[PDB]
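>>> Below is the sequence, then the experimental coordinates.
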Amino acid sequence: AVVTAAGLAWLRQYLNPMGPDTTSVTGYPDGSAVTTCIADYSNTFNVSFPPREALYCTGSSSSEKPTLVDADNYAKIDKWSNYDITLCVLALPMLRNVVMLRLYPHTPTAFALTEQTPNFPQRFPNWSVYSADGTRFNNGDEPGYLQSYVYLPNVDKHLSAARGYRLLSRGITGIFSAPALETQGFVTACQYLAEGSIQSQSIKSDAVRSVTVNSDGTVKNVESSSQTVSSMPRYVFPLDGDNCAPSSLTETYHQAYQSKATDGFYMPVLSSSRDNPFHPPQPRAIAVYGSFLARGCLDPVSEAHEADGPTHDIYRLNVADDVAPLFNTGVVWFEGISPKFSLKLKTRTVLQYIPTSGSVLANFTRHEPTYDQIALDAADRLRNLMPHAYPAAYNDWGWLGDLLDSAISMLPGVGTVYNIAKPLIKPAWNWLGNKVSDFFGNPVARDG
Amino acid sequence: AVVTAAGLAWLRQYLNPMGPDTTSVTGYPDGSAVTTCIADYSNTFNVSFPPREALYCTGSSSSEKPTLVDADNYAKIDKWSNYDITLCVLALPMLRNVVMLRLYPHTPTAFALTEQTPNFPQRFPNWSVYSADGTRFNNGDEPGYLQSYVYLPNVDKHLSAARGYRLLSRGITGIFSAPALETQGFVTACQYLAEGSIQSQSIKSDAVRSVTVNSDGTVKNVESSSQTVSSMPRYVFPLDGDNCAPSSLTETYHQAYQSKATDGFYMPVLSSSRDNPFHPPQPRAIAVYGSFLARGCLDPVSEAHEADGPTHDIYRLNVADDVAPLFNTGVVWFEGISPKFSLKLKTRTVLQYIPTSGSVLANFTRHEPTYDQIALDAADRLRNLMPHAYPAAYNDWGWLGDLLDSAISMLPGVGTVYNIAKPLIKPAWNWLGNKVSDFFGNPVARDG
Amino acid sequence: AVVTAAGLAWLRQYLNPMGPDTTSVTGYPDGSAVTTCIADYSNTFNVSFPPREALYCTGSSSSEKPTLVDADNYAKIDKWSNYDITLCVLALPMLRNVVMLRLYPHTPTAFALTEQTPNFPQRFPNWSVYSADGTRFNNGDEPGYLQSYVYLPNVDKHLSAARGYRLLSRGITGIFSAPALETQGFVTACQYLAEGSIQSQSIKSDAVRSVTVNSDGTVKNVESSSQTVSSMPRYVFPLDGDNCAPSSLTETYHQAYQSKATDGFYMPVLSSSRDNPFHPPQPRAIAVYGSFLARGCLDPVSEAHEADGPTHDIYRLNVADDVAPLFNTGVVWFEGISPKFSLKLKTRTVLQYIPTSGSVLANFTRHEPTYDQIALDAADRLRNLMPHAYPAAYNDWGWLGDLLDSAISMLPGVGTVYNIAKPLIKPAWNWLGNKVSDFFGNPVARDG
Amino acid sequence: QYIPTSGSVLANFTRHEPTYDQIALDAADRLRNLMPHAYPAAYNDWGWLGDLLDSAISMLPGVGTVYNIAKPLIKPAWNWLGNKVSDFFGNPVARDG
Amino acid sequence: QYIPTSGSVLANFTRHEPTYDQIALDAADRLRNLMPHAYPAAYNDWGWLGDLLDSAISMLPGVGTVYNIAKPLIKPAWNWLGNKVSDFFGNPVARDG
């Protein structure tokens, strides 16, 4: 009838993954009664404007040939460096490939994605170029943007050796810096659930046409294999790419975070569900789910037009991974950034494993199947009222824990002993105008 | 620890969508903290025996040609009009295409469905004819029944412009009338969860057979492409068509509603789940899930017979839509109806949207992310004890709200302050014999 | 605010399916308000070392020919009978085919499964032989192990005649015996959730190659159909076959049961979820989910290598069934068993039906849609702290019910009236060393 | 009721409480001669049945009686043709259909 | 505000509470002649508005008044050029931009 210590610790690391006090690492409070090993991956990447040597092309040029650097089309990308730029990060719930970095000459109207599968998507220090017309880039085209994946290798190496896993928490911090007199820019952050699923797109086969004209050979096998079948199963994410523009996100979600660029960001991605069960590792090809062109049988049609129905485009990412289901997809945008910026990305991913016998993880297990129902209910309660992100320097929340968690742990049901803990009001997170008030009306003087 | 006003209003519109007091429209009480726009679609259709001009044929006759009216086989359908008829409505959870109307010469043994995909299914004012042998109808066959879809166009137009949606409530009313001295007939209504899912049926490819007999041409590519693959993914509904006969529904479900025909009906379709999350629009081809013929590997067989296993027939509807998951499928039957009847269908569908930026919905948003846990728990509690339908004129329930909702809002957990609200007894909804008693023993004198 | 009698009875049969006091049969406490019929299937099988007449081969030898007995390779299996053996039973949640028996000459390193689909898997009295190299067995190979399915025919016959079903409880008892002076051996038991799903494996089509060399015939249709498509949908179980070795199971799960062989076993398989909804019968081909060989797009690759990505092997069982979702998969191992053993398997499967009108089940319905929330919460609570199995003779648990269920029914939320029921401690189930203590510290003197 | 044959289908549906109640049998034998042979098709859920008729008549058999007096029992008048129907306790029957 | 035409797009967005409030209309008619015609672009969220100005002026109309006295109302001085701005209750306006 009261939150335990372990449940409270889990709640604190789940809501504040990169808070300074989160030193101990604790598991999900459900009493799984299974030997588990919890791993904490902290990584840091200094991302800036890439030089030409780390810049490959995804077109059919690098199709069978390995990665092809840019044949000194880098002049156009220098032209980008003349003006201000835009930098998106997209944190899908994939376990490895923690985030997708993307660099634009200027803010796009939507999070476009190429129809054709790219060639050799590049891990972070390298980038891959895409054309301005939303197609893959071969040398001699017009570069549209740069893209890269931030890859955690230890996560792969450990996920190989595990019966099951579950993501405990994940946080991404964006310490931003730029030369003095060029600190201009804005930052926007938003989380939302993009519930992926294993789907296969609808494709067509090819009808064989043989015309034997020989004196005895007159078979004429004109049989039509050109029917509609299902492609490979892929894990498909329904992120509304057309609606991931910054302004749309700000006006849609009330917990979205906005600030000047120098504040950076700190996104503690949150689970969208209430239970977090173990899953066997299942690396699959990831794809992102587009829109449909032909209305098809959305209108009265014939049998022949049942096939070309509302089939949504599926954009292959050419990246395989296993995803943490029920976790929010995060996205931040930096607009009007000076091209000679410097973003220090810090990712902290803590996740639980069930070690496979004889594997490396077996030597690190740590056994307390603690149970705490109240912590889970409190997390489900708090999901809908935490801000989506905070300034990069905003850690060690005074309101968290002894105040917010305690005040909200008395609401669930009537599992309450303390009569009243503390009144809870609606916080006002106006970082742009320095009028920030936390959940209890206390103001927030600037700590950076 | 007490139901709010907004939660109560949502509960009232969810349980009584077409009640007279439901003037205000309110959203799902989960505090989604998202800019939302709630739309209320009220539609009315006067359905009667169709004339010949509004009656098309679905056979291969109208395959590439557009819809083909009946070549004055309408004499047989007049013969139908000689005797009494039967009228089914099937309310699947599809957002548009609110209901499926179907007209039978006499009550069928099951809700049959054609194996071959029909041609040009018709929106309500028009109908489409199907043969008596459970096949599509070409001119010169024996007509078996008529079918049509009741289509809401504004729902489509708005669903185009939305990031996400969720169905809040849906009600269907069936005001029935007929000439005096021909009021004879019966009405039956039942709801049940038919949990659809995205499935692909198993089909076969075609093996190519080339016999080059030329002096140098002797390739003989006899390779067999005749393997088993997966067809298009479709949203498949597991409605037991073989068991949707009226009598079976009455004897299976205790909340099923039965009455004389003149009472009409009023079905407030209910959600089968406890949470109602947003979903991106996903129009897919709808299909209904049949039964299997060949037992296949249900018995010890060889590899070659693994393929022809228990593959269930999938009946394509040739209709594309996106469905409200977790909502019950409703069905009503009118038996022994005078053929010159008149049914006024009134559908009220209220559903929430997340507007896309710049779309029309953006001008109508209305922002109060109210939270009310007790309302959700009360709805989950009440799901299993509300009647499936009421007489068409039975609105403004005295027992609802101040009595039923209040009495049942004290059960959940022990989140209770008022000591005792009101004893709750088992109601007796015997509309046929005029012995109706509500949830508190009060009787129901006839209001129509 | 207190557990009902019906809820308590359901809890007792769910946790102790084969306890002597479980005479009455009761349904799931959710108040489904549906006409239901509960069936109780109790079966007994005396399994021992099979003789040659009941021993078929699964290789391509018995491909189109029906089952083929062993062409007196039975000498090698007698050689097995010279030494000690190993006997696994694998209780997947399939409704019919209650368990899979498997016999090994000596303990394997993993629960291997053949890549090629076997021929004519045999029901229990017969067995099917598999080669030592993990392939199907034709006469003249090296036999690796024997396998059979324990099939319940009445379950099939009743599942044909039902709108919907749900598994209420299932227990498997393993009364073990052997000639005196040969009682040596060990027994291990473990349950774990293997959440299956309808998946289709990725396969390839075949590219047609026609070279018309005729004077007028020069078509040369070289079109490539050799693309990647999806195979048949199958219900796929993610059981970690590589990690089902006995020692790994013992060291992974803390509730795993270990004892000397003569103790037998008694596994009350438990649901892994909290709600148990009805489902329509859906017999599908069952398959077990393997591992992947080629890393594919787990590394930066080209489009052509997106196809050969991490595709996991799917082992077809050549058995069709419909499964009880959310129920644990059980597995027991008997090591070092004298080859002339005798295992009396007793399975009790109790499950609910919604009868189809006019079917046989309709004559046996029994209507009390009892509701009991507390029983469901108590079951969810108890899931994680019950032992996975008990000695075959350990029934009629004193601690169960009046003590364990009562003590734990006061924890959920604060729905508690009795101040304190009884302190609950951590039980110590050390059956090997005769130091067994139940949940309240009381010891367990040996009852057999 | 059935006694299932071993291995038959009925064996899977058995339901075991050999309840004994002598008073119910005596009450049924008593009531046999004074129940109407039929009722209108819509006449179910008899108010007089059970808590009133069965209780009132369960005290007659022998002297196996604890409650002093339950309720006086009169001769009902089932005149369905003329809408003058009175049940076993004089209460009238307004038409329910 | 709109009255939607049947079947039109607006019909899907209707929102029904025909609220009546006479006092609000009278207060608006009263306030029309004494509000400034415009304010500096950054001058929003008026402290004097509503709880002070509307409340103080809602007691004037007729004698439909319950609260004895709300707050004295003086003549504001909107001198934005010289930074000598005083609102309707004499409180000054320090520059917010």
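Cool, got the structure. Residues are numbered from 1 along each chain as shown, chains lettered A, B, ... in the order given.

>>> In contact with the residue lying closest to residue A:193 once chain neighbours are set aside, which residues?
Distances taken as CB to CB, 6 or more residues apart in numbering or on different chains place residue A:272 nearest to residue A:193, at 4.0 Å, with adjacent residues excluded. To be clear about C-beta, it is placed using only N, CA and C from the backbone, and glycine gets the same treatment. Residues in contact with residue A:272 (CB atoms under 8 Å, 6 or more residues apart in numbering or on different chains) are A:193, A:195, A:326-328, A:383.

>>> of all these, which two lie farthest apart?
A:195 and A:383 (14.6 Å; CB to CB).

>>> Select from the contacts of residue A:272 the one having the most neighbours.
Of these, residue A:327 is surrounded by the most neighbours, 25 neighbours in total, counting by other CB atoms under 10 Å in any protein chain shown.

>>> Test my guess that that one contacts residue A:168.
No. Using CB atoms under 8 Å, residue A:327 makes no contact with residue A:168, being 10.4 Å away.

>>> Could you list the residues of the stretch 151-300 of chain A in contact with chain C?
A:156, A:163, A:198, A:200, A:203, A:205-206, A:208-214, A:217, A:225, A:229-233, A:277, A:280, A:282-285 (CB under 8 Å from any CB of the partner chain).

>>> So among the residues you listed, which ones count as buried?
A:156, A:163, A:200, A:203, A:205-206, A:208-214, A:217, A:225, A:229-233, A:277, A:280, A:282-285 (16 or more other CB atoms under 10 Å in any protein chain shown).

>>> Which ones among the residues you listed map onto helices?
The helices, defined by DSSP state H, take in residue A:156 from those.

>>> Look at the closest residue in space to residue A:422 that isn't next to it in sequence and give its secondary structure.
Spatial nearest neighbour of residue A:422, excluding adjacent residues (CB to CB, 6+ apart): residue A:407 at 4.6 Å. Here residue A:407 is helix, with the state taken from DSSP: H, G, I helix; E, B strand; the rest coil.

>>> Contact partners for residue A:407?
By CB under 8 Å, 6+ apart, the contact list for residue A:407 reads A:421-424, A:439-440.

>>> Distance of it relative to residue A:381?
Applying CB to CB, to the nearest Å, the value for residue A:407 to residue A:381 is 11 Å.

>>> Check residue A:218 too.
Residue A:218 sits 76 Å away from residue A:381, going by CB to CB.

>>> Those two: which has the busier surroundings?
Between residue A:218 and residue A:381, counting by other CB under 10 Å, residue A:381 is the more crowded of the two (18 against 11).

>>> ok, for that one, nearest residue in space, not its chain neighbours?
With sequence-adjacent residues excluded and distances taken as CB to CB, 6+ apart, residue A:381 is closest to residue A:408, at 5.6 Å.

>>> I figured that neighbour hits residue A:377, correct?
No. Residue A:408 lies out of contact with residue A:377 (CB under 8 Å); the separation is 9.4 Å.

>>> Only alpha carbons, please: show stretch A:241-260 as PDB.
The C-alpha trace of stretch A:241-260 is given here as PDB (Å, rounded to 0.1, in the frame of the first residue of the first chain):
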ATOM      1  CA  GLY A 241       6.400  11.600 -42.100                       C
ATOM      2  CA  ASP A 242       4.200  14.200 -43.900                       C
ATOM      3  CA  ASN A 243       3.300  15.600 -40.500                       C
ATOM      4  CA  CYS A 244       6.700  15.600 -38.700                       C
ATOM      5  CA  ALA A 245       7.400  19.200 -39.800                       C
ATOM      6  CA  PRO A 246       8.400  21.300 -36.700                       C
ATOM      7  CA  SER A 247       5.500  23.700 -36.700                       C
ATOM      8  CA  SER A 248       2.900  20.900 -37.000                       C
ATOM      9  CA  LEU A 249       4.400  19.100 -34.100                       C
ATOM     10  CA  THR A 250       4.400  22.200 -31.900                       C
ATOM     11  CA  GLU A 251       0.800  23.000 -32.600                       C
ATOM     12  CA  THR A 252      -0.400  19.400 -32.300                       C
ATOM     13  CA  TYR A 253       1.200  18.300 -29.000                       C
ATOM     14  CA  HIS A 254       0.900  20.300 -25.800                       C
ATOM     15  CA  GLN A 255       3.900  18.700 -24.100                       C
ATOM     16  CA  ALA A 256       6.200  19.500 -27.000                       C
ATOM     17  CA  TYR A 257       9.300  21.300 -26.000                       C
ATOM     18  CA  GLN A 258      10.400  24.600 -27.700                       C
ATOM     19  CA  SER A 259      13.300  26.800 -26.900                       C
ATOM     20  CA  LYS A 260      16.200  28.700 -28.300                       C
END
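
>>> buried set for that stretch?
When burial is assessed from 16+ other CB under 10 Å, stretch A:241-260 yields the following buried residues: A:241-246, A:248-250, A:252-259.

>>> Can you tell me which of the residues you listed end up in helices?
Taking DSSP H as the definition of helices, the buried residues of stretch A:241-260 contribute A:246, A:248-250, A:252.

>>> Filtering these by proximity to chain B, which remain?
Okay, of those touching chain B (CB under 8 Å from any CB), that's A:248, A:252.

>>> any idea which of the ones in helices among the buried residues of stretch A:241-260 is the one closest to residue A:51?
residue A:246 (27.3 Å).

>>> Verify the stated contact: the closest one with residue A:108.
No. Residue A:246 is beyond contact range of residue A:108, at 9.4 Å (criterion: CB under 8 Å).

>>> before we move on, the earlier item: residue C:223 versus the residue nearest to residue A:381, what's the distance?
Using CB to CB, one obtains 63 Å as the distance from residue A:408 to residue C:223.

>>> Show me which of these two is the more surrounded one.
Higher neighbour count among residue A:408 and residue C:223: residue A:408, with 19 against 15, using other CB under 10 Å.

>>> For the stretch 51-200 of chain A, which residue gets nearest to chain D?
residue A:164 (37.5 Å; CB to the nearest CB).

>>> got the contact list for that residue?
A:278-281, A:353-354.

>>> do that again at 7 Å, thanks
By CB atoms under 7 Å, 6 or more residues apart in numbering or on different chains, the residues touching residue A:164 are A:278-280, A:354.

>>> for residue A:330, same thing?
A:91, A:172, A:191, A:267, A:269.

>>> which element is it on?
Here residue A:330 is covered by strand A:329-337, with elements defined by DSSP states H and E.

>>> Direction included, what does that strand pair against?
With DSSP bridges as the test, strand A:329-337 is paired with strand A:85-91 (antiparallel), strand A:186-192 (antiparallel).
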